[PDB]
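>>> First portion of the complex, with coordinates as positioned in the assembly:
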Amino acid sequence: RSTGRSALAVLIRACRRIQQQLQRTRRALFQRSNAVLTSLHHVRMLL
Amino acid sequence: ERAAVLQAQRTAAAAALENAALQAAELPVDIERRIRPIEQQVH
């Protein structure tokens, strides 16, 4: 019982926290990548 | 007097493009380090 159930707690924490990282990379990169767009439309804002 | 200002801004605008050229070039590398390390996990 303690062989599997503590080795099953491996993946239970592993696969759910792996997919938690994706949320941040979503809420990091695409929050950051939109700064490039701000510049490009500001490049015309020069002209 | 107009053509000067009209000329001047053309050079200025193309300059910031190359200021943005390196800026945009960040995103493809921004992608890997936010993904590639996640791969060996699930593997």
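Perfect, thanks for sending it. Numbers count the residues shown, from 1 in each chain, chains lettered A, B, ... in the order given.
>>> and the longest helix along chain B, anywhere near chain A?
Assignment by DSSP state H gives helix B:2-32 as the longest helix of chain B. Yes: Helix B:2-32 lies within reach of chain A by C-beta under 8 Å from any C-beta of the partner chain, at B:9-10, B:12-13, B:16-17, B:19-20, B:23-24, B:27, B:30-31. Heads up, the C-betas are built off the backbone N, CA and C, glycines and all.
>>> Could you save these as JSON lines and add columns showing neighbour count?
Shown next, in JSON lines, are the residues of helix B:2-32 next to chain A (neighbours: other C-beta atoms under 10 Å in any protein chain shown):
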{"residue": "B:9", "neighbour count": "12"}
{"residue": "B:10", "neighbour count": "11"}
{"residue": "B:12", "neighbour count": "12"}
{"residue": "B:13", "neighbour count": "15"}
{"residue": "B:16", "neighbour count": "16"}
{"residue": "B:17", "neighbour count": "14"}
{"residue": "B:19", "neighbour count": "11"}
{"residue": "B:20", "neighbour count": "18"}
{"residue": "B:23", "neighbour count": "15"}
{"residue": "B:24", "neighbour count": "14"}
{"residue": "B:27", "neighbour count": "13"}
{"residue": "B:30", "neighbour count": "15"}
{"residue": "B:31", "neighbour count": "13"}
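>>> Chain C goes on too:
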Amino acid sequence: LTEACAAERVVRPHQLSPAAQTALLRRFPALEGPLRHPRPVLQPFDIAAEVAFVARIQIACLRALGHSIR
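One more piece, chain C, placed on the ones above:
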């Protein structure tokens, strides 16, 4: 200042609506000078505006001759 007229898809802050123009003024009291000045000696929020300052003086000096030459 970028996204003010970027979200408005506008090239210039003077073509920005004065509601949003005052919006940044509330946060930023220094923007009064470029925005609220009736006859700015320099065209506000531009780049070559400084050059326009020079070239008009060039013209100003020339006519001071031709009219006096005449």
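>>> distance between the helix or strand following the longest helix of chain B and the chain's centre?
Downstream of helix B:2-32, the first helix or strand assigned by DSSP states H and E is helix B:36-42. Distance of helix B:36-42 from its chain centroid, counting by C-alpha atoms, centre = their mean, to the nearest Å, is 27 Å.
>>> Show me what counts as buried in helix B:36-42.
Within helix B:36-42, no residue counts as buried by 16 or more other C-beta atoms under 10 Å in any protein chain shown.
>>> which helices and strands sit right next to that helix?
Applying 3 or more C-beta pairs under 8 Å, 6 or more residues apart in numbering or on different chains; DSSP states H and E, one finds that helix B:36-42 contacts helix A:4-46.
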